[PDB]
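So this first bit is one chain, no partners, the form deposited in one PDB entry, shown in structure tokens.
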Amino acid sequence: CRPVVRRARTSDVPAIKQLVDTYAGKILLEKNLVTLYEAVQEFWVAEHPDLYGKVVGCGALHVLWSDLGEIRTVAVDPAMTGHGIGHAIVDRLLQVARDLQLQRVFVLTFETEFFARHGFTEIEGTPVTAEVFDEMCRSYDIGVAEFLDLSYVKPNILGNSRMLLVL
């Protein structure tokens, strides 16, 4: 299995949404269409080569600061799991992270083994509320960035695990 992983187009957003909706709830955070469209340039999709490039998976990398990214919304069609599509997507995202000149990537996930294959290690966060987080983000600049590591404080909504990768 050699999925093609490529940058998303607006035309893939429906398939992305469908993927999210499959797992949305206590596993993945819900996303509406407008949110996805706006984020489209963060998104990569996996194609099924034998099936004419049909989209069977997705993932996103979101930039927080000059040195830090977060992987989000990685999902694979439940009928296509276990063939390396997932790992392919993550591989791509990490390369993008490198190309962008990021130094670290974090993720919030229940799939700790999956991510551990990529070198992610579980860390103990200091999560805050959404409100506190919004305060932090509003103040965020060079000075604040000196002492505040967003990877540690990013809210944990689903109650999953926090993991970190040093590029």
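Shifts are known only where both forms have a C-alpha. For clarity, a rigid core is taken as the largest C-alpha set superposing within 1.5 Å between two forms. Start at 1 with the first residue shown and count on from there.
Below, we refer to the form deposited in another entry, which is not included among the displayed structures.
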* 2 Å-or-more CA mover between this form and the one not shown, where superposition uses the core and the choices are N32, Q41, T129, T121 -> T129
* Superpose the two forms on their rigid core, then report whether the C-alpha of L150 is displaced by 2 angstroms or more between this form and the one not shown. => yes
* Asked: With both forms fit on the core, is the shift of the CA atom of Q101 between this form and the one not shown 2 Å or larger?
  -> no
* Asked: After fitting the rigid core, is the C-alpha of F110 off by 2 Å or more between this form and the one not shown?
  -> no
* **Cα-Cα shift for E124 and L148, closer or farther in the other form, minimum 3 Å** => closer
* Once you compare with this form, do the C-alpha atoms of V153 and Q95 lie closer or farther in the other form, given a change of 3 Å or more? -> farther
* Asked: Which stretches of at least three consecutive residues shift by 2 Å or more at every Cα between this form and the one not shown, once the core is superposed?
  -> 126-159
